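Structure data follow from my_file-v1.cif (mmCIF, C-alpha atoms):
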data_entry
#
loop_
_atom_site.label_atom_id
_atom_site.label_comp_id
_atom_site.auth_asym_id
_atom_site.auth_seq_id
_atom_site.Cartn_x
_atom_site.Cartn_y
_atom_site.Cartn_z
CA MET A 1 -12.38 24.30 6.18
CA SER A 2 -15.35 21.97 6.30
CA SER A 3 -15.89 22.23 10.04
CA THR A 4 -15.58 26.05 9.99
CA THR A 5 -18.08 26.37 7.13
CA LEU A 6 -20.37 23.93 8.94
CA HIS A 7 -19.97 25.92 12.18
CA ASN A 8 -21.15 29.10 10.46
CA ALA A 9 -24.16 27.27 8.98
CA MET A 10 -25.11 25.79 12.37
CA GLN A 11 -25.34 29.21 14.00
CA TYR A 12 -27.95 30.35 11.45
CA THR A 13 -29.96 27.15 11.86
CA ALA A 14 -29.74 27.20 15.67
CA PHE A 15 -30.88 30.82 15.75
CA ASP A 16 -33.88 30.05 13.55
CA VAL A 17 -34.95 26.92 15.48
CA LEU A 18 -34.63 28.53 18.92
CA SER A 19 -36.19 31.79 17.73
CA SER A 20 -39.14 29.89 16.27
CA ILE A 21 -39.66 27.91 19.48
CA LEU A 22 -39.32 31.03 21.63
CA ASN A 23 -41.77 32.97 19.45
CA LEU A 24 -44.44 30.31 20.00
CA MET A 25 -43.75 30.40 23.76
CA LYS A 26 -44.32 34.16 23.87
CA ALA A 27 -47.89 33.52 22.70
CA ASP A 28 -48.65 31.21 25.62
CA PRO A 29 -50.35 32.93 28.59
CA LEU A 30 -47.86 31.11 30.87
CA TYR A 31 -44.98 33.07 29.34
CA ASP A 32 -44.43 35.58 32.16
CA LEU A 33 -42.80 33.06 34.51
CA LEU A 34 -42.13 35.64 37.21
CA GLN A 35 -45.81 36.41 38.00
CA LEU A 36 -46.89 32.79 38.65
CA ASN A 37 -47.66 31.20 42.04
CA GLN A 38 -48.62 34.62 43.39
CA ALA A 39 -50.18 33.32 46.64
CA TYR A 40 -46.91 31.55 47.54
CA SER A 41 -44.14 33.57 45.92
CA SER A 42 -43.15 36.92 44.43
CA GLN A 43 -41.55 38.07 41.18
CA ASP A 44 -38.06 38.48 42.65
CA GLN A 45 -38.27 35.21 44.57
CA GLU A 46 -39.52 33.30 41.49
CA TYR A 47 -36.61 34.77 39.53
CA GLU A 48 -34.12 33.59 42.15
CA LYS A 49 -35.76 30.17 42.55
CA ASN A 50 -35.77 29.57 38.78
CA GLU A 51 -32.12 30.60 38.55
CA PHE A 52 -31.34 28.40 41.59
CA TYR A 53 -32.80 25.40 39.79
CA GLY A 54 -31.65 26.25 36.24
CA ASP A 55 -28.05 26.54 37.38
CA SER A 56 -28.02 22.97 38.69
CA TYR A 57 -29.98 21.56 35.74
CA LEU A 58 -27.54 23.11 33.25
CA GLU A 59 -24.63 21.76 35.29
CA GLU A 60 -26.02 18.21 35.24
CA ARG A 61 -26.85 18.22 31.50
CA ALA A 62 -23.44 19.74 30.65
CA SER A 63 -21.67 17.09 32.72
CA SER A 64 -23.52 14.28 30.97
CA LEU A 65 -22.62 15.71 27.54
CA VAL A 66 -18.96 16.14 28.53
CA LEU A 67 -18.89 12.46 29.49
CA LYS A 68 -20.83 11.44 26.37
CA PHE A 69 -18.22 12.82 23.97
CA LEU A 70 -14.90 12.69 25.81
CA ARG A 71 -14.97 9.14 27.16
CA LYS A 72 -14.68 7.76 23.60
CA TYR A 73 -11.06 9.02 23.56
CA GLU A 74 -8.66 7.63 26.18
CA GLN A 75 -5.92 10.02 24.98
CA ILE A 76 -7.99 12.88 26.59
CA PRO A 77 -7.01 13.60 30.22
CA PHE A 78 -9.52 14.24 33.00
CA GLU A 79 -8.45 17.89 33.32
CA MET A 80 -10.20 18.52 29.99
CA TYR A 81 -13.49 17.20 31.45
CA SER A 82 -13.45 19.73 34.28
CA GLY A 83 -12.07 22.36 31.90
CA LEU A 84 -14.86 21.89 29.38
CA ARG A 85 -17.61 21.86 32.02
CA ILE A 86 -16.31 25.05 33.65
CA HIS A 87 -16.11 26.61 30.17
CA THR A 88 -19.66 25.59 29.34
CA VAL A 89 -21.43 27.04 32.38
CA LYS A 90 -19.45 30.23 33.01
CA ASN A 91 -21.26 33.54 32.55
CA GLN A 92 -19.13 34.56 29.55
CA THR A 93 -20.39 31.55 27.59
CA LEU A 94 -23.99 32.10 28.70
CA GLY A 95 -23.73 35.78 27.75
CA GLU A 96 -22.41 34.90 24.29
CA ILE A 97 -25.50 32.72 23.81
CA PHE A 98 -27.74 35.51 25.17
CA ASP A 99 -26.35 37.77 22.44
CA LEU A 100 -26.48 35.22 19.59
CA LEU A 101 -30.17 34.64 20.36
CA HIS A 102 -30.83 38.40 20.86
CA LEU A 103 -32.60 37.80 24.16
CA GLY A 104 -31.80 41.44 25.01
CA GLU A 110 -23.77 42.94 31.85
CA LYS A 111 -22.07 39.53 31.62
CA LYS A 112 -23.13 38.49 35.14
CA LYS A 113 -26.73 39.54 34.49
CA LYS A 114 -26.84 37.77 31.11
CA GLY A 115 -25.72 34.45 32.61
CA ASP A 116 -28.25 34.75 35.43
CA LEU A 117 -31.04 35.50 32.94
CA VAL A 118 -30.12 32.43 30.87
CA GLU A 119 -30.08 30.20 33.94
CA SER A 120 -33.36 31.64 35.21
CA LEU A 121 -34.92 31.06 31.79
CA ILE A 122 -33.73 27.44 31.69
CA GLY A 123 -34.94 26.79 35.23
CA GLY A 124 -38.26 28.55 34.71
CA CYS A 125 -38.92 26.60 31.50
CA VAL A 126 -38.11 23.20 33.04
CA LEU A 127 -40.15 23.88 36.19
CA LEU A 128 -43.11 25.26 34.22
CA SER A 129 -43.24 22.05 32.16
CA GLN A 130 -43.40 20.02 35.39
CA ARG A 131 -46.14 22.13 36.99
CA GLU A 132 -48.31 23.06 34.03
CA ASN A 133 -49.09 21.92 30.48
CA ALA A 134 -45.96 23.44 28.87
CA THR A 135 -44.03 20.77 26.97
CA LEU A 136 -42.94 23.43 24.46
CA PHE A 137 -41.06 25.15 27.29
CA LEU A 138 -39.19 21.93 28.06
CA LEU A 139 -38.34 21.58 24.37
CA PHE A 140 -36.88 25.08 24.45
CA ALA A 141 -34.78 24.41 27.55
CA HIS A 142 -33.33 21.22 26.06
CA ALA A 143 -32.51 22.92 22.74
CA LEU A 144 -30.98 25.95 24.50
CA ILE A 145 -28.71 23.75 26.63
CA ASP A 146 -27.67 21.74 23.57
CA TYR A 147 -26.72 24.96 21.79
CA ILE A 148 -24.81 26.14 24.86
CA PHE A 149 -22.85 22.89 24.83
CA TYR A 150 -22.24 22.95 21.07
CA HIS A 151 -21.13 26.58 21.25
CA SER A 152 -18.90 26.02 24.28
CA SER A 153 -17.33 22.79 22.97
CA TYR A 154 -16.47 24.19 19.56
CA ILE A 155 -14.68 27.15 21.16
CA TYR A 156 -12.99 25.14 23.90
CA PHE A 157 -11.51 22.46 21.64
CA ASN A 158 -10.29 25.07 19.17
CA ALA A 159 -8.48 26.74 22.08
CA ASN A 160 -7.31 23.44 23.69
CA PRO A 161 -7.00 20.77 21.00
CA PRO A 162 -6.68 17.22 22.32
CA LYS A 163 -3.87 15.07 21.10
CA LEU A 164 -4.58 13.66 17.68
CA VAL A 165 -8.35 13.54 17.89
CA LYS A 166 -9.37 17.18 17.76
CA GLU A 167 -10.97 16.84 14.38
CA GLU A 168 -12.75 13.58 15.23
CA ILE A 169 -14.36 15.00 18.35
CA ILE A 170 -15.42 18.27 16.65
CA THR A 171 -17.01 16.19 13.92
CA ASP A 172 -18.71 14.05 16.60
CA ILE A 173 -20.22 17.12 18.30
CA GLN A 174 -21.12 18.81 15.01
CA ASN A 175 -22.92 15.72 13.70
CA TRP A 176 -24.71 15.29 17.04
CA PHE A 177 -25.82 18.93 17.08
CA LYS A 178 -27.05 18.86 13.48
CA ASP A 179 -29.19 15.83 14.42
CA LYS A 180 -30.53 17.58 17.53
CA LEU A 181 -31.51 20.63 15.45
CA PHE A 182 -33.33 18.37 13.01
CA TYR A 183 -35.22 16.76 15.92
CA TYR A 184 -36.07 20.13 17.49
CA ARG A 185 -37.21 21.48 14.11
CA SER A 186 -39.47 18.50 13.45
CA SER A 187 -40.88 18.56 17.01
CA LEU A 188 -41.68 22.24 16.51
CA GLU A 189 -43.43 21.60 13.18
CA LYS A 190 -45.39 18.66 14.58
CA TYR A 191 -46.33 20.92 17.49
CA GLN A 192 -47.59 23.64 15.11
CA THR A 193 -50.01 21.04 13.67
CA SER B 2 -43.58 12.37 67.98
CA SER B 3 -41.04 13.74 65.49
CA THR B 4 -38.09 12.69 67.66
CA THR B 5 -39.24 9.07 68.01
CA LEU B 6 -39.81 9.10 64.26
CA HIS B 7 -36.26 10.39 63.67
CA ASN B 8 -34.31 7.68 65.50
CA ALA B 9 -36.49 4.97 63.96
CA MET B 10 -35.89 6.56 60.54
CA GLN B 11 -32.12 6.30 60.92
CA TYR B 12 -32.46 2.59 61.77
CA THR B 13 -34.72 1.87 58.79
CA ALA B 14 -32.66 3.98 56.36
CA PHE B 15 -29.51 2.06 57.33
CA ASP B 16 -31.29 -1.27 56.81
CA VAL B 17 -32.90 -0.46 53.44
CA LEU B 18 -29.77 1.13 51.99
CA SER B 19 -27.53 -1.69 53.29
CA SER B 20 -29.92 -4.27 51.85
CA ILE B 21 -29.96 -2.63 48.40
CA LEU B 22 -26.17 -2.28 48.42
CA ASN B 23 -25.75 -5.92 49.48
CA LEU B 24 -27.73 -6.98 46.41
CA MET B 25 -25.76 -4.67 44.10
CA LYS B 26 -22.53 -6.22 45.36
CA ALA B 27 -23.75 -9.63 44.13
CA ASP B 28 -24.06 -8.11 40.59
CA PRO B 29 -20.91 -8.27 38.39
CA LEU B 30 -21.59 -4.66 37.36
CA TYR B 31 -20.56 -3.52 40.88
CA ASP B 32 -16.93 -4.26 39.91
CA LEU B 33 -17.14 -1.49 37.29
CA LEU B 34 -17.58 1.20 39.95
CA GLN B 35 -13.86 0.78 40.75
CA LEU B 36 -14.23 2.20 44.24
CA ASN B 37 -10.71 0.86 44.87
CA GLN B 38 -9.50 3.97 42.97
CA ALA B 39 -10.41 6.15 45.95
CA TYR B 40 -7.02 4.97 47.31
CA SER B 41 -5.03 5.37 44.10
CA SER B 42 -3.44 7.87 41.73
CA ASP B 44 -7.77 7.29 39.30
CA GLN B 45 -9.57 8.21 36.14
CA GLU B 46 -12.91 6.32 36.02
CA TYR B 47 -13.52 6.98 39.72
CA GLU B 48 -12.98 10.69 39.09
CA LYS B 49 -15.26 10.70 36.03
CA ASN B 50 -18.04 9.11 38.12
CA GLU B 51 -17.39 11.66 40.87
CA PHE B 52 -17.49 14.43 38.22
CA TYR B 53 -20.97 13.32 37.17
CA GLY B 54 -22.27 12.34 40.62
CA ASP B 55 -21.48 15.77 42.02
CA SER B 56 -23.69 17.40 39.38
CA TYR B 57 -26.43 14.78 39.69
CA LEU B 58 -26.58 15.23 43.47
CA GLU B 59 -26.69 19.02 43.04
CA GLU B 60 -29.62 18.85 40.61
CA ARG B 61 -31.63 16.33 42.65
CA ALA B 62 -30.99 18.22 45.89
CA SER B 63 -32.12 21.45 44.20
CA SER B 64 -35.27 19.69 43.02
CA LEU B 65 -36.04 18.51 46.58
CA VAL B 66 -35.33 21.91 48.16
CA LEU B 67 -37.85 23.49 45.77
CA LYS B 68 -40.31 20.64 46.27
CA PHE B 69 -40.61 21.21 50.01
CA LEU B 70 -39.90 24.89 50.60
CA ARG B 71 -42.05 26.46 47.89
CA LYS B 72 -45.29 25.50 49.72
CA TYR B 73 -44.16 27.80 52.55
CA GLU B 74 -44.34 31.50 51.69
CA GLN B 75 -42.90 32.07 55.16
CA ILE B 76 -39.57 30.61 53.94
CA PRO B 77 -37.32 33.14 52.16
CA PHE B 78 -34.86 32.43 49.39
CA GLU B 79 -31.80 32.58 51.70
CA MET B 80 -32.94 29.28 53.18
CA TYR B 81 -33.14 27.63 49.74
CA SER B 82 -29.46 28.26 49.01
CA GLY B 83 -28.55 27.62 52.66
CA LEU B 84 -30.31 24.23 52.70
CA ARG B 85 -28.75 23.23 49.37
CA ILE B 86 -25.22 24.16 50.53
CA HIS B 87 -25.84 22.26 53.78
CA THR B 88 -27.06 19.20 51.87
CA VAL B 89 -24.20 18.77 49.38
CA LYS B 90 -21.21 19.93 51.43
CA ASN B 91 -18.43 17.46 52.30
CA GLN B 92 -19.28 17.47 56.03
CA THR B 93 -22.79 16.17 55.37
CA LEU B 94 -21.67 13.52 52.87
CA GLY B 95 -19.02 12.39 55.35
CA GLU B 96 -21.68 12.00 58.05
CA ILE B 97 -23.68 9.83 55.62
CA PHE B 98 -20.49 7.87 54.84
CA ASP B 99 -20.07 7.20 58.57
CA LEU B 100 -23.75 6.44 59.24
CA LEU B 101 -23.77 3.79 56.50
CA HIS B 102 -20.29 2.47 57.49
CA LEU B 103 -19.17 2.75 53.86
CA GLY B 104 -15.48 2.52 54.78
CA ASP B 105 -13.03 3.07 57.62
CA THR B 106 -14.11 6.16 59.58
CA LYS B 107 -10.66 7.26 60.56
CA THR B 108 -8.36 6.43 57.62
CA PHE B 109 -10.58 8.23 55.09
CA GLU B 110 -10.53 12.02 55.38
CA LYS B 111 -13.65 14.19 55.36
CA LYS B 112 -12.98 15.18 51.74
CA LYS B 113 -12.27 11.62 50.57
CA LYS B 114 -15.53 10.46 52.19
CA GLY B 115 -17.54 13.04 50.26
CA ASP B 116 -15.75 12.18 47.01
CA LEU B 117 -16.60 8.51 47.51
CA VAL B 118 -20.26 9.24 48.13
CA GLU B 119 -20.33 11.38 44.98
CA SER B 120 -18.47 8.76 42.93
CA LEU B 121 -20.86 6.07 44.14
CA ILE B 122 -23.89 8.16 43.12
CA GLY B 123 -22.37 8.97 39.73
CA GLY B 124 -21.27 5.45 38.86
CA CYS B 125 -24.64 4.05 39.89
CA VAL B 126 -26.59 6.46 37.67
CA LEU B 127 -24.24 5.89 34.72
CA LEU B 128 -24.47 2.10 35.12
CA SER B 129 -28.26 2.36 34.95
CA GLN B 130 -28.03 4.54 31.82
CA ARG B 131 -25.43 2.33 30.08
CA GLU B 132 -26.53 -1.15 31.14
CA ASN B 133 -30.17 -0.87 32.35
CA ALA B 134 -28.98 -1.70 35.89
CA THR B 135 -32.16 -0.38 37.48
CA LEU B 136 -31.19 -1.65 40.95
CA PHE B 137 -28.24 0.76 40.84
CA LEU B 138 -30.52 3.66 39.94
CA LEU B 139 -32.79 2.76 42.87
CA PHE B 140 -29.81 2.94 45.22
CA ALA B 141 -28.67 6.31 43.88
CA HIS B 142 -32.15 7.78 44.43
CA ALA B 143 -32.45 6.25 47.91
CA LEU B 144 -29.03 7.54 48.94
CA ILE B 145 -29.81 11.09 47.75
CA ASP B 146 -33.19 10.94 49.51
CA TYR B 147 -31.40 10.03 52.75
CA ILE B 148 -28.75 12.72 52.31
CA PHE B 149 -31.59 15.23 51.93
CA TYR B 150 -33.63 13.92 54.87
CA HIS B 151 -30.58 13.91 57.13
CA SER B 152 -29.51 17.40 56.06
CA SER B 153 -32.90 18.97 56.14
CA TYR B 154 -33.72 17.58 59.57
CA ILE B 155 -30.52 19.11 61.01
CA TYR B 156 -30.81 22.34 59.01
CA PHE B 157 -34.35 23.25 60.07
CA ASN B 158 -33.77 22.35 63.72
CA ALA B 159 -30.75 24.71 63.70
CA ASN B 160 -32.53 27.38 61.59
CA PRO B 161 -36.26 27.33 62.35
CA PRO B 162 -38.49 29.11 59.85
CA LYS B 163 -41.22 31.41 60.95
CA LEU B 164 -44.30 29.53 62.11
CA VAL B 165 -43.80 26.36 60.06
CA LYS B 166 -40.89 24.60 61.65
CA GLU B 167 -42.80 21.60 62.87
CA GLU B 168 -44.94 21.49 59.69
CA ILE B 169 -41.99 21.32 57.27
CA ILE B 170 -40.17 18.74 59.43
CA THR B 171 -43.35 16.63 59.54
CA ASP B 172 -43.63 17.13 55.75
CA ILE B 173 -40.12 15.80 55.13
CA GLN B 174 -40.31 12.99 57.69
CA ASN B 175 -43.58 11.67 56.23
CA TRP B 176 -42.18 11.91 52.69
CA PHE B 177 -39.00 10.02 53.62
CA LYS B 178 -40.93 7.32 55.49
CA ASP B 179 -42.97 6.83 52.31
CA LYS B 180 -39.80 6.74 50.16
CA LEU B 181 -38.28 4.10 52.45
CA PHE B 182 -41.44 2.00 52.04
CA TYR B 183 -41.18 2.41 48.25
CA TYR B 184 -37.50 1.40 48.26
CA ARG B 185 -38.09 -1.56 50.58
CA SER B 186 -40.99 -2.88 48.52
CA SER B 187 -39.06 -2.35 45.26
CA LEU B 188 -36.10 -4.29 46.68
CA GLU B 189 -38.31 -7.21 47.75
CA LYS B 190 -39.93 -7.31 44.30
CA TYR B 191 -36.50 -7.28 42.67
CA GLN B 192 -35.27 -10.23 44.74
CA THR B 193 -38.16 -12.57 43.90
CA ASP B 194 -38.30 -11.98 40.12
CA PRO B 195 -35.37 -9.84 38.84
#

Same coordinates, now as C-alpha cells:
Amino acid sequence: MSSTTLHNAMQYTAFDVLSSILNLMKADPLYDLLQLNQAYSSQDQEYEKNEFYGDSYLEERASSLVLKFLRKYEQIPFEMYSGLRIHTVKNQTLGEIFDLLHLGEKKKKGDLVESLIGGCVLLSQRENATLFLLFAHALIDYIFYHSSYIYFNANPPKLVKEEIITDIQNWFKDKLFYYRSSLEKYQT
Amino acid sequence: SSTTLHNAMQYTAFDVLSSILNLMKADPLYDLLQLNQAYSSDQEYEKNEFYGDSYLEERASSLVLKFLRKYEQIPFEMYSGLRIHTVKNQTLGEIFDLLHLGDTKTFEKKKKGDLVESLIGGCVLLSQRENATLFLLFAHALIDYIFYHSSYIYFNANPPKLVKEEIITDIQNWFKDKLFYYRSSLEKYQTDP
C-alpha cells in the first residue's frame, strides 16, 4: 500500500527531473550528437559508436547496482543477480522508459536509449557537457529503479521482498533529490 | 621495429603484472577473492565474475573507441569485431596461460576466462569497498594487457585500409607508456604504502 503509492509518486518526480534536465540539454549547441566529429565520422557511424559504448556503460552500472542491493541478503540466490541484470538491460525495459519519458519499435527504442546514454557520457568526456553526464546517470538510475520494482514484484525473494523494495525506493528518492538540486544549482 | 617491440612487450608485461600480483598476495585482502571457488560448487566467485565481465566489457569498449575513432578509414564493423575478439573466452584463456595464472591443462578454456573475469571483478570491488588501490592498479593493468594482446593479433589478421602500421604503433606506444606507469606506481607503493 505504501510502496505502491510511493511508486506512483516516484514516476511523476522522475519524469519531471529527467524532463527538466533534458530540456536544458536541448538548448545546448552540442545537443545534436550525431553531427559531431564530422572530419572523422558520420551520422550513422556516430549513432552506432554511441550505442556501442552506451550498451556497455549501462551494463556495468546495472551490474554494480544489482550487487549493491542484493548482496545485503544472503537468502537471495545468484540466479536473481543474473535475472535482474538481464531484466534491466533488455529492450522491453528500455522501451518502457522511452515511453515514460516521451522521448518519441521495441528494438529501435532500446537502441535509441543506449545511443543516448553513450552519446551523453562520451560528450561529457570530450567537451564541456557535465549536464549530459548528469542526465545519463539519472536515466540509468531510473532504468534500474523501474526494472527492479517490476522484477521483484514478479519474482519476490524469500522473506525480504519488502525490505529490498524499500531499500531501492529510499535510494532512488535520494538520487532524485540529488539530481534535482544539481539541476537547480546548475541553473544558477 | 614493431616486431622487436612486441616480444619485448610480452616480457615486460609478464614481469610488471607478476610483480603487482606478488605484492597483492602479501595483502590479507587477497584471501577475500576466494579464487579457490573456481574449483567448487561458488557464490562470491560468481558475483565477482558477474561484475568483472561487465567491467571488462565497458573498459574494452572505451579503449576500442579511444584508438579507432582517430581513423576515419576504420569502419564500425571493426569496432564490434575488435571488442568481441578482446573479451571472448579464447583471448582471456591466452592471457591466463601467458601469465601462468593456473594449470594450463586442468583448467578448461571457459574456466580460464571465468577466472580472469572473477579476478578483475574482485579486484575492482576490493578497491571500492576497502580502498585497496593496489588491486585497482592490477585490474587496470590486466585489462590494458588483454587489449594490447587482442588488438595486436586482431589488426595483423584484419588490416585496415592504409593505417595498419599507424594504429599498431599507436597501441604499442600507448601500452609501453602504461607499463612504465604501472611499474613506477608499483615501486612507489613498495617504498611508502

Notebook entry, point to check: Got a sec to resolve the PyMOL selection byres ((chain B and resi 171) around 12) on this structure and send the residues as number ranges by chain?
Noted result: B: 2-4, 6-7, 69, 150, 153-154, 157-158, 165-170, 172-178

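You will find atom CA of residue A:75 at 12.4 Å from atom CA of residue A:168.
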
Notebook entry, point to check: Do you know which residues are at most 10 Å from stretch 177-182 of chain A counting all atoms listed in the file, after dropping those on the same chain fewer than 4 positions away, and could you put them as a PyMOL selection string?
Noted result: chain A and resi 6+9-10+13-14+16-18+142-143+146-147+149-151+171-173+186-188

Could the residues in this selection be written to a file with C-alpha atoms, as a tab-separated table (two decimals), in the coordinates of the input?
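Output contents, as saved in selection.tsv:
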chain	number	residue	atom	x	y	z
A	6	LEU	CA	-20.37	23.93	8.94
A	9	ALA	CA	-24.16	27.27	8.98
A	10	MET	CA	-25.11	25.79	12.37
A	13	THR	CA	-29.96	27.15	11.86
A	14	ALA	CA	-29.74	27.20	15.67
A	16	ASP	CA	-33.88	30.05	13.55
A	17	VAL	CA	-34.95	26.92	15.48
A	18	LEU	CA	-34.63	28.53	18.92
A	142	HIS	CA	-33.33	21.22	26.06
A	143	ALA	CA	-32.51	22.92	22.74
A	146	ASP	CA	-27.67	21.74	23.57
A	147	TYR	CA	-26.72	24.96	21.79
A	149	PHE	CA	-22.85	22.89	24.83
A	150	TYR	CA	-22.24	22.95	21.07
A	151	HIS	CA	-21.13	26.58	21.25
A	171	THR	CA	-17.01	16.19	13.92
A	172	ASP	CA	-18.71	14.05	16.60
A	173	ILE	CA	-20.22	17.12	18.30
A	186	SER	CA	-39.47	18.50	13.45
A	187	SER	CA	-40.88	18.56	17.01
A	188	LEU	CA	-41.68	22.24	16.51

Item checked: Target residues per the PyMOL selection byres ((chain B) within 12 of (chain A)), formatted as a PyMOL selection string -> chain B and resi 44-68+70-86+123-124+126-127+130-131

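As for atom CA of residue B:136 and atom CA of residue B:118, they are spaced 17.0 Å apart.
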
Note to self: Report, in Å to a single decimal, how far apart atom CA of residue A:70 and atom CA of residue A:160 are.
What the structure shows: 13.3 Å

Notebook entry, point to check: Which residues come within 9 Å of residue B:184, counting only C-alpha atoms, excluding same-chain residues fewer than 6 positions away, as a VMD selection string?
Noted result: chain B and resid 17 to 18 21 139 to 140 143

With C-alpha atoms retained, write the just-selected residues as a short mmCIF file (atom, residue, chain, number, x, y, z; two decimals), in the coordinates of the input.
data_model
loop_
_atom_site.label_atom_id
_atom_site.label_comp_id
_atom_site.auth_asym_id
_atom_site.auth_seq_id
_atom_site.Cartn_x
_atom_site.Cartn_y
_atom_site.Cartn_z
CA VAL B 17 -32.90 -0.46 53.44
CA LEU B 18 -29.77 1.13 51.99
CA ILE B 21 -29.96 -2.63 48.40
CA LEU B 139 -32.79 2.76 42.87
CA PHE B 140 -29.81 2.94 45.22
CA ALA B 143 -32.45 6.25 47.91
#

Next item on the list: Take the PyMOL selection byres ((chain A and resi 24) around 12), apply it to the structure above, and return the hits as an MDAnalysis selection string.
Entry: chainID A and resid 17:23 25:31 134:137 139:140 188:189 191:192
